Amino acid sequence: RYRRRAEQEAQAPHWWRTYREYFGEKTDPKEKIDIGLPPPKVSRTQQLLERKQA
Amino acid sequence: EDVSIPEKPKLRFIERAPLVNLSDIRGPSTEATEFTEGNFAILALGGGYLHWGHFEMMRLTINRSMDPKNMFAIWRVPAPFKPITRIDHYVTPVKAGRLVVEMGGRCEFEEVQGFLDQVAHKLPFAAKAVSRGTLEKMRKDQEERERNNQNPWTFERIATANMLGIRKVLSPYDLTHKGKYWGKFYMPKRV
Amino acid sequence: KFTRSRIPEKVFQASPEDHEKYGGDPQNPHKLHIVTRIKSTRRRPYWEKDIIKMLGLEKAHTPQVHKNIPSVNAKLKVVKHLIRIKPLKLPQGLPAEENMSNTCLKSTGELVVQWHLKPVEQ
Amino acid sequence: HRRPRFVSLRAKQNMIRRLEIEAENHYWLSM
Amino acid sequence: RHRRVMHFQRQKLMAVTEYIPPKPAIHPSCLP
Amino acid sequence: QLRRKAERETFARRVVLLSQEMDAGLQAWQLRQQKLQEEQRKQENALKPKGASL
RNA sequence: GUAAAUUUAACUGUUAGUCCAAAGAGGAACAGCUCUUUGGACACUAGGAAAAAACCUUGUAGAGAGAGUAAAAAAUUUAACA
């Protein structure tokens, strides 16, 4: 339980100096452009219904 | 009549030795600066150690002069704890601006001042009997002098900016004291 | 223990009253300092002695010109009690190549590019 | 056995003169 | 225990920084 | 008088040197800031978004 | 802002600390006393503080029957009507 909380805290950003700053890769903050095909359309209600019954 | 006297009005005895540091007597006091359940008190204007001998003197004088029903007295100074080696004797350091003794009850400052002032002159350091109104006037008067001071040059401004390299002839503690306190001695007139 | 003094930044924050008194302009800061030593470095800490030498102020009452930049000002603040700081004034602008030999720094703190040594008319 | 020494008026004026110069030094260093 | 002698530079500082009380142009008692 | 003329010209030349150095430094810093703004606009949209956006 | 720094080759001498300011630790919250630390002065000059190693001013390289300055002169006399 302590380790689960410890890992979560490490991921969070901190004002003090952290290992992620110096060693973590520096990448553009802006989200990566998506140039692919659009996602397929799925009806969640029907999908959830069939999966629960399965 | 509203005031109630505790079951033990007269001052309690002080132990000669604890049952079990020049800076202690230097600077403004950070504790026991405000009246607690007592209108009158003896205000310490200097810094000096208090051995048991003084405590017995103050307790004997205050108790006999005071009337048990009319007024009560509470000790503000702790028991002697500091060891002085010539342990030859134990003392209690008092910083400037501290209330050594407090007097509260059905009485007036003029009635109280008499014995309290008499005991004050015995203290090894400068002390003056004070009251709620008097002490507040003392602090209020001091603040008035600072705001209305016509001198464009002050110890704090010169010391903090290190003007004329004054900090070579000054102590580090003087930055906080601002020239009001010179060692154990405290100068009230200093602004 | 005597040590180096670090002045609070407040001391160096000019107020609206100071501007009227000294005639400065916070919107347009002066570019260059005129610095003269007016106090001895004798009986002063060695670090102050070193700062005086770095600034070129070993000789007293000798005007030196310095840039009004943070790094230079940090040095001046250490020895501020030993010097006089006055903004350099250019009423006629910077001296040109022709005017280099005709300049003069007056006590008011202005650098004049012409020095006739004649009386002004009427 | 140091005999006391006292501050003359001329000495106070001399010190005040230094304070005025340094006070101006603070202003010019501010900008 | 006794008031120690101060460095004369300090004594000069104290004197230059002494409180100067405000003086009214007209004495208050001399006014209605 | 000759010594004073030399000393004055040395003082004047230093005045010009310090002034120009400050001006040149000020201009160079301005250019760096303006370039940074242009650098931001350089990679605004290299490739048109095409996934889930119509 | 400045002009010194390290390294190499050689080599010599000095070093038994006094006072002032500051922070501690011992004496007695004595000593021109004991110990440590920070800074200053003193075996480099001169002016001032009464004489003046140690405080302040100032640094020191000559001549001048010129000039501007620095430090630089201690204050104080303490109520009353019936």
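First the proteins, then the strands, lettered A, B, ... as listed; each starts at 1.
Here the nucleotide nearest the side chain of D:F6, chosen from G:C56, G:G1, G:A74, is G:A74. Closest contact between the side chain of D:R18 and the listed nucleotides G:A23, G:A70, G:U38 involves G:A70.
Salt-bridge annotation for F:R13 and F:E9: present, with a side-chain N of the basic residue lying under 4.0 Å from a carboxylate O of the acidic one. Taking a cutoff of 4.0 Å between a charged side-chain nitrogen and a carboxylate oxygen, B:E56 and B:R59 qualify as a salt bridge. Between C:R37 and C:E48 no salt bridge is recorded (no basic side-chain N to carboxylate O distance below 4.0 Å).
The torsion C1'-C2'-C3'-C4' is the criterion here, and for G:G17 it is negative, giving a south pucker. A positive value of the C1'-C2'-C3'-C4' dihedral assigns G:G59 to the north, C3'-endo side. Judged by the sign of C1'-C2'-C3'-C4', the furanose ring of G:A22 adopts a north, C3'-endo-like conformation. Nucleotide G:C44 carries a south-puckered sugar, as indicated by a negative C1'-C2'-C3'-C4' torsion. Its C1'-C2'-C3'-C4' torsion being negative, the sugar of G:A73 is assigned to the south family.
Across all strands, C:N73 comes closer than 4.0 Å to no nucleic acid atom at all (heavy-atom distances). Nucleic acid contact class of C:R44 (heavy atoms, under 4.0 Å, all strands): sugar-phosphate only. In this structure, B:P172 reaches the sugar-phosphate backbone alone: every heavy-atom distance under 4.0 Å involves primed, P, OP1 or OP2 atoms, never a base. Residue-level contact check: B:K184 touches the bases, meaning some heavy atom is under 4.0 Å from a base atom. As judged by a 4.0 angstrom heavy-atom cut-off over every strand, B:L170 is placed among residues touching the sugar-phosphate backbone only. Using a 4.0 Å heavy-atom distance criterion, D:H1 is classed as making no nucleic acid contact. Among the heavy atoms of the strands, none lies under 4.0 Å from B:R167. Among the heavy atoms of the strands, none lies under 4.0 Å from E:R3. At the heavy-atom level, C:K49 lies under 4.0 Å from the strands shown only through sugar-phosphate atoms. Within 4.0 Å (heavy atoms only), C:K75 reaches at least one base atom of the nucleic acid. Nucleic acid contact class of C:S71 (heavy atoms, under 4.0 Å, all strands): none. The residue B:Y49 sits close to a base: some heavy atom pair falls under 4.0 Å. Base contact: D:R3 has a heavy atom under 4.0 Å from a base atom.
Using P as the reference atom, G:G1 and G:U14 are 44 Å apart when rounded to the nearest Å. With P as the reference atom, G:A46 and G:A63 are 14 Å apart, rounded to whole Å. Only the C1' atoms considered, G:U37 is 23 Å distant from G:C55, to the nearest whole Å. Rounded to a whole angstrom, the distance from the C1' atom of G:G26 to that of G:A10 is 49 Å. Comparing G:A50 with G:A54, their P atoms are spaced 14 Å from each other, to the whole Å. Using P as the reference atom, G:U18 and G:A4 are 35 Å apart when rounded to the nearest Å. Only the P atoms considered, G:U76 is 23 Å distant from G:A49, to the nearest whole Å. The P atoms of G:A25 and G:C44 are separated by 39 Å, rounded to the nearest whole Å.
In this model, the phosphate group of G:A29 is not approached by any side-chain N or O of B:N21 to a distance below 4.0 Å at OP1 or OP2. Phosphate contact (OP1/OP2 of G:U57, side-chain N/O of E:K12, threshold under 4.0 Å): absent. In this structure, B:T85 does not reach the G:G26 phosphate: none of its side-chain N or O atoms is under 4.0 Å from OP1 or OP2. Residue C:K39 has a polar side-chain atom (N or O) positioned under 4.0 Å from OP1 or OP2 of G:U58. Taking 4.0 angstrom as the limit, B:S171 places a side-chain polar atom (N or O) nearer than this to OP1 or OP2 of G:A23. Look at C:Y46 and you won't find any side-chain N or O under 4.0 angstrom from OP1 or OP2 of G:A41. At G:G39, none of the side-chain N or O atoms of C:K1 fall inside 4.0 Å of OP1 or OP2 (strictly under the cut-off). Residue E:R1 places at least one side-chain N or O closer than 4.0 Å to OP1 or OP2 of G:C30.
In this strand, G:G64 does not stack onto G:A65; the six-membered rings are not both under 5.5 Å apart and under 30° in angle. For the adjacent pair G:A79 and G:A80, the base rings count as stacked: centre distance under 5.5 Å, plane angle under 30°. Both conditions, centre separation below 5.5 angstrom and plane angle below 30 degrees, do not jointly hold for the six-membered rings of G:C42 and G:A43. Judged by ring centres under 5.5 angstrom apart and ring planes under 30 degrees, G:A22 stacks on its strand neighbour G:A23. Judged by ring-centre distance under 5.5 Å and interplanar angle under 30°, strand neighbours G:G59 and G:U60 are not stacked.
At a cut-off of 3.5 angstrom, counting only N and O atoms as typed in the model, there is no donor on one side facing an acceptor on the other between the side-chain of C:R42 and the base of G:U57. Checked by distance alone, D:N14 brings no side-chain donor or acceptor within 3.5 Å of a matching partner on the base of G:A70.
For the pair B:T134 (side chain) and B:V130 (backbone), a donor-acceptor distance under 3.5 Å is absent.
Interatomic distance, CG of C:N73 versus CZ of C:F12, reported as 9.0 Å (0.5 Å rounding).
When Watson-Crick and G-U wobble pairs are counted only if both distances are under 3.5 Å, G:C55 pairs with G:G48. In this structure G:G39 sits in a base pair with G:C20, meeting the Watson-Crick or G-U test at under 3.5 Å.
A salt bridge (charged side-chain N to carboxylate O under 4.0 Å, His left out) with B:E146 holds for exactly one of B:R157, B:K140, B:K178, B:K180; it is B:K180. The salt bridge (charged side-chain N to carboxylate O under 4.0 Å, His left out) test with D:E22 is passed by exactly one of C:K80, C:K39, C:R84: C:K80.
For the pair C:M54 and D:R17, nearest-nucleotide mapping onto RNA chain G gives the more 5' position to C:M54.
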Test C:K86 against D:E24 for salt bridge (charged side-chain N to carboxylate O under 4.0 Å, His left out), laying out the working first. CA-CA 8 Å; C:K86 303 287 277 179; D:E24 192 166 340; 2.5 Å; yes

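Taken together, G:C42 and G:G17 meet the test for a Watson-Crick or G-U wobble pair: both N-N or N-O distances fall under 3.5 Å.
With 3.5 Å as the limit, one finds a donor-acceptor pair spanning the side chains of F:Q1 and F:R4.
Contact of the C:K89 side chain with the C:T108 side chain is not registered, since no non-hydrogen atoms from C-beta on lie closer than 4.5 Å.
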